[PDB]
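Just the one chain here, the form deposited in one PDB entry, laid out as structure tokens.
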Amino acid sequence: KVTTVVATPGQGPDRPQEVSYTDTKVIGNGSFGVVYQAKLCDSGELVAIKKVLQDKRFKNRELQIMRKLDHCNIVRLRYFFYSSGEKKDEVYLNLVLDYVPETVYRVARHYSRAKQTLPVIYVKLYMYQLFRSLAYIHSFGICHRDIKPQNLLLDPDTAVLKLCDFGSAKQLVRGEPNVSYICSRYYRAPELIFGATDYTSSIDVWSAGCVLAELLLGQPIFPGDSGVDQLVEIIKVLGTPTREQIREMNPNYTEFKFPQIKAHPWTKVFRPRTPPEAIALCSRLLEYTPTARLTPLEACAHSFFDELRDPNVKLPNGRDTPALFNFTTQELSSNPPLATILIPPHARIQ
């Protein structure tokens, strides 16, 4: 059983290609629509196909963003094409992507269920690779707006991490306002809970901070069914925000009196042998004030990741670490001087 389409390649020029695939399973649907898995007939390589309804007014914002992206830590759009199903009179956009077997979510929870934490080496690798992907897209003025473990793909063998689901992703432009109903429940930044629409890309950094902590703690750090329940868990950890800070998050000061709690000494939040540089990093991402949070690029160059810049560092299975230092000038444009930290001596050797 074999389907053959004519699909436009993700990057490169408009050179339509005949693509045949088979073994079409399904792997979840959800809001957008269905996601299939298939095997490309010639190469035998696995792909994921995200099939979503195509709006007849505007062209699809996810697609437009995916074509402008090329980065080692972002899922590759191989092809995209259009189809339907039965009479319908409605058109579907099909995004063909490189299949990646695992996700941080699934892995994180395998370790959680078997009451263990992920080895810190894997935490470093995954987090670094995320911040690179954020650094890259932020450099185009694009915010993901839905950083969460379920959207961090993994190849367990290679330790390669790839950011996916660009369905909420959008070119943020200072002056222009954006919907405050975007990010998933536990990974929402305070300014989003307070319903701000003047938010920047720093929401992604908050979100990432929540992922780090969760990998350290082995469970979400800021849980809760309601905005209120979450804000409590945040206040418990960060302490009660000063009148200034609330003014910085959402200036519209939504109008609630929070209970007055002191900051829980950040070190007293995690397991006893938790690397202190990991803890430091957390607190520089999970800041109330959006501007006071590290940039992705600054985080990549944090001391917590020093072990990745060691020339001897290998994966515990023995294979080399994946690409970590092949920065582009684009990717560094945030702050080029950091190249002196990010690209270690041993990577400059000829």
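Take the two forms, find the largest set of C-alpha atoms that superpose within 1.5 Å, and that set is the rigid core. In this text, residue numbers run from 1 along the sequence as written.
Unshown form solved in complex with a partner chain; subsequent notes refer to it.
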Legend entry - Among 131 to 139, 179 to 187, 203 to 211, 76 to 84, the region lying within 4.5 Å of the partner chain in the bound PDB entry by heavy atom distance: 179 to 187
Inset, instruction - Consider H71 of the chain shown here, and say whether it contacts the partner chain in the bound PDB entry, taking contact as heavy atoms within 4.5 Å. - result: no
Legend entry - Contact flag, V228 vs the partner chain in the bound PDB entry, heavy atom cut 4.5 Å: yes
Legend entry - Partner contact for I261 in the bound PDB entry: the partner chain, 4.5 angstroms, heavy atom: yes
Inset, instruction - Tell me, yes or no, whether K257 is in contact with the partner chain in the bound PDB entry, where a contact means a heavy atom of each within 4.5 Å. - result: yes
Inset, instruction - Answer with one of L238, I246, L172, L93: the residue that has a non-hydrogen atom within 4.5 Å of the partner chain in the bound PDB entry. - result: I246
Legend entry - Residue showing a 2 Å-or-more C-alpha displacement between the shown form and the other one once the rigid core is overlaid, selected from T197, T267, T254, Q219: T254
